[PDB]
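Peer 1: so I've got this experimental structure, pasted below with the sequence.
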Amino acid sequence: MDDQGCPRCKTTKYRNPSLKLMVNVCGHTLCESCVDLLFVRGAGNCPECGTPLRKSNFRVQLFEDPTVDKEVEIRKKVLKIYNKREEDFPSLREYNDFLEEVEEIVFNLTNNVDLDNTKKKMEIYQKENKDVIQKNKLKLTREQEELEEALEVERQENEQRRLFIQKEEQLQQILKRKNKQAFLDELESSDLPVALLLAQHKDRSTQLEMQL
Amino acid sequence: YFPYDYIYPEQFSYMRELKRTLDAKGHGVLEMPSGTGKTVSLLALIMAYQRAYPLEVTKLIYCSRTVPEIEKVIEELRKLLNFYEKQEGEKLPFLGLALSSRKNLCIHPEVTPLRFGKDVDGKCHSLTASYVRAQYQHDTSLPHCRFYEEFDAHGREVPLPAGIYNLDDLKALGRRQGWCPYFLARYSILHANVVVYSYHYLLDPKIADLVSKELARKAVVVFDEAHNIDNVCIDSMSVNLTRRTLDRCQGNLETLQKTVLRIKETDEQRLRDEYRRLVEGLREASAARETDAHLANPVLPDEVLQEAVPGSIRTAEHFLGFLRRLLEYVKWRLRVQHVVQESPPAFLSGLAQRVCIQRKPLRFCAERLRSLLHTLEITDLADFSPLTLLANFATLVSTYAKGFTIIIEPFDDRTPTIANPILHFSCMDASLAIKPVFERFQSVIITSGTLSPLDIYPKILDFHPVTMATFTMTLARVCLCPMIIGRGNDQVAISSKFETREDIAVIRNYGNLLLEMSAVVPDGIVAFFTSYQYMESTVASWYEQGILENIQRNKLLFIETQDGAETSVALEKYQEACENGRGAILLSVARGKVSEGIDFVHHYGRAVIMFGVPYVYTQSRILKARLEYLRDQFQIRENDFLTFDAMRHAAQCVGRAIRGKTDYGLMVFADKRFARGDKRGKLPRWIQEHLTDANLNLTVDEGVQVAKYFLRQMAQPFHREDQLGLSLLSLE
Ligand code: SF4
Ligand SMILES: [Zn+2]
Ligand SMILES: [Zn+2]
């Protein structure tokens, strides 16, 4: 009831309103119920022509994110080995050459040029794939250790802060509740040290610096 | 040195204020009464310090907050210019530059009378340095911006202008000699000796409006009424983002692509010659008015943009970076609309998952946004304006986010549905907005006639050698009547405990306390409501239930509108409807922007009634991060400034209606919160002799006779009020 549901039988989107569709690799429209029937009728095919697929590659995003097909292939192609191609150079480069030459070929895949095996067969053959992977292994172990500790110190401190607020609430309350209850029985069973007023002033002056 | 007559024994109270804050390079905080000629006090010693080349150097920048009072500054100092001129003999050279570029601009009739400022200045600059910079020679298309070329001629030459002009003064010179307010200003900034402009214009971090050369040798800048600096500085870096904006931006995404597609090598090889020069030696392409249409520096306190040409080598590639940005940014928007989320540096981190190359193309974007349009030099600016918003944003997200704050506000604020979600990037450190100010300056003086707690300069989080309390005497009988109400009969509930719409039983006697104020007090009253819907709530019972039945019969009423157009109307009336046979009490809002730029006189406007605690009450969760950071600064501040924020706006609004020092003022206080808060917020010169001498819980019916007793006495017997002649020590 929003775009056209699936181009298959229209028993998914017109009947169920509380479910969204999925998007294959090349930026097409397909409902979620034609995923199960896509497994016994072709095993990874785009349901308008018959384009073959991978392990279903169904991004479930109706936020107009993969509708631009250039977007979802950046998620494909940059994250493919080109992420792994990338970050070894911002570790150690000359000054920008290992950025911008490497920046150039980003444009030379997004245009469906199909000059890629020319670069895939020179992709990691000049350098060490383990040296590539280990920096991917370095950075990912770096960043997951980095993000969790950032998540913990923002979890610990404010909770420690609000508990420090919470105990100071508990501090000021029962202090006030007891020191006057102390000041209550201060008179009861004793008419103050040597005068009507004396230590009952004395106690009426000692209890403010205890909060202060 | 203009003592010029009895000057209500104050210039001597401010004489050593200069000599302490200036000779010793003191940063300096001044209390001032609202009835003290705010430059006649200040500039009379400042212009005295102007001639006093006490070692060598005396700059002057000045700013205030409203352009009519900007000219009102200029207005009588011209006689002060003339004053000692006859007295010291000859007349030396001078310049005071009112530098307006927003409204006052253009003398061409095709350009001028379109209402807004920014868009029409985009038409101006698109004509000058985008059409006549691209299509240089021509006859028709090139349009007649002829006196820019006259600026070319006399910018090759050397004239010497006269004294201080105004916005309109150069416009007749525009129709005679003085050329362009911008240019006729760029050449005068070259040898400017005094600048007056808006407090806002200096404090633009979006387009970093660098006024002078960065010359902190003795950079001498003066500040009046510098109250709501946070409401400047945080709002100066506040970034709103409309969904309607993004979709319009989404529409001119591929619109600009069509310009890319139609241009094959004409503008493209123009880039190719100079994008190579971008790699070889970094220099901005334009030094003229193009930078006015350009984000000068979104994040000013940085070192340099050294490795420009970021992880982006081509233009559609750079355009794809915004396709990588905006389309992800709505992905960072549209799903996020269910939950308000305050995570400023966590966003850019999760963005780094989504954005392929980050933190350089985040920061090196807005110029490459502009520069790849600069090889075009095609797109009209108002068309391109919602885009410059966006490359400003992630640039700000790139640099200063861990001290600052991201807030996402999709829910109900004028949208009953979710029909316009928004987020905001606020900063928090107005310090870090004014730290670069202070590093660029020498030691510069705030003066705020409302600032009673000096403890809020460390809300600016800064250091101060000079911060005292100005005490003036009153031999003017009695300066004013401050009158805290606290009715006992109708049982004061004037703070919104049961809120502005929780009960109208509270509201049953604001009319009663007003009509009797209306019945007694003549001569025009300007009162202060809290907000517009509050104002809409204020008069809500007033029509249907019987309220105005005597109120319109006594004086008349001036509604101020949410729209500033109709708001300026009653104004045209109020200056007139008082000065004829009518009292005509105006009705207004404190926090609304009707409360600046006026300086009410004894002629019209001489009384103010408080209505409620003048605090914020509106914007959700802009508090808490601002709260907790000052709780990360001083830790008991929830109670503290959330009093003073009301108070710093209160006498900002309330303490206005007296100018000289006999001008009267009936500043009564209908308030439930007075016990410490009003007392802390009122001036130490003003709590002392006047506030609650023996009048606190003053029921209006009793407080009726107070103003009666006040005015009737105060109207007669005036001749002599604190007459100073010669110097007789007195020693305060
Ligand atoms: S430059 Fe001076 S004249 Fe030419 S557009 Fe701007 S104002 Fe109008
Ligand atoms: Zn395909
Ligand atoms: Zn289906």
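Peer 2: Received it, and whenever you're ready, just let me know what you need. Residues are numbered from 1 along each chain as shown, chains lettered A, B, ... in the order given. Ligands and ions are numbered 1, 2, ... in the order given.
Peer 1: in stretch B:179-195, which residues are buried?
Peer 2: B:179-185, B:187-188, B:192, B:194-195 (16 or more other CB atoms under 10 Å in any protein chain shown). Every residue, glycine included, has its C-beta placed from N, CA and C.
Peer 1: return the subset of these lying in helices.
Peer 2: Where the buried residues of stretch B:179-195 overlap with helices, as defined by DSSP state H, the overlap consists of B:183-185, B:187-188.
Peer 1: state the distance from the closest residue to residue B:175 other than its chain neighbours to residue B:290.
Peer 2: Spatial nearest neighbour of residue B:175, excluding adjacent residues (CB to CB, 6 or more residues apart in numbering or on different chains): residue B:107 at 6.5 Å. According to CB to CB, to the nearest Å, residue B:107 and residue B:290 sit 21 Å apart.
Peer 1: could you tell me how many residues sit around residue 111?
Peer 2: In the absence of a named chain, this looks at chain A. By other CB atoms under 10 Å in any protein chain shown, the residues close to residue A:111 number 10.
Peer 1: correction: the question concerned chain B.
Peer 2: 16.
Peer 1: again, but for residue B:4
Peer 2: The number of residues near residue B:4, taken as other CB under 10 Å, comes to 13.
Peer 1: so which bits of the stretch 551-700 of chain B are right by chain A?
Peer 2: Within the stretch 551-700 of chain B, the positions lying close to chain A (CB under 8 Å from any CB of the partner chain) are residue B:628.
Peer 1: what residue in the stretch 551-700 of chain B comes nearest to ligand 2?
Peer 2: Ranking the residues of the stretch 551-700 of chain B by distance to ligand 2 (CB to the ion) places residue B:621 first, at 45.0 Å.
Peer 1: quick check: chain neighbours aside, which residue is closest to residue B:600?
Peer 2: The shortest distance from residue B:600 to any residue other than its chain neighbours is 4.1 Å, reached at residue B:657 (CB to CB, 6+ apart).
Peer 1: so which residue is dead centre in chain A?
Peer 2: Within chain A, one residue has its C-alpha closest to the average C-alpha position: by CA atoms, centre = their mean, that is residue A:147, at 9.3 Å.
Peer 1: which parts of the stretch 201-350 of chain B sit against ligand 3?
Peer 2: By CB under 5 Å from the ion, no residue of the stretch 201-350 of chain B approaches ligand 3.
Peer 1: for the stretch 201-350 of chain B, what spans make up the strands?
Peer 2: With DSSP state E, counting those that start in this stretch as the definition, the stretch 201-350 of chain B shows strands at residue ranges B:221-224, B:239-240.
Peer 1: so how far is the shortest one off the chain centroid?
Peer 2: Here strand B:239-240 is found 17 Å from its chain centre; the criterion is CA atoms, centre = their mean, to the nearest Å.
Peer 1: what lines up beside it in the sheet?
Peer 2: For strand B:239-240, sheet partners with direction are given as strand B:423-426 (antiparallel), following DSSP bridges.
Peer 1: outside of the strand it pairs with itself, list whatever touches it.
Peer 2: Residues outside strand B:423-426 that contact it (CB atoms under 8 Å, 6 or more residues apart in numbering or on different chains): B:234, B:237-241, B:333, B:336, B:344, B:393, B:396-397, B:404-410, B:622.
Peer 1: tabulate the strands of the stretch 201-350 of chain B (a markdown table), appending mean neighbour count and distance to residue A:122.
Peer 2: Putting the strands of the stretch 201-350 of chain B into a markdown table (neighbours: other CB atoms under 10 Å in any protein chain shown; distance: least, CB to CB, whole Å) gives the following:
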| stretch | mean neighbour count | distance to residue A:122 |
| --- | --- | --- |
| strand B:221-224 | 21 | 61 |
| strand B:239-240 | 16 | 44 |
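Peer 1: thanks again, I'm all set now.
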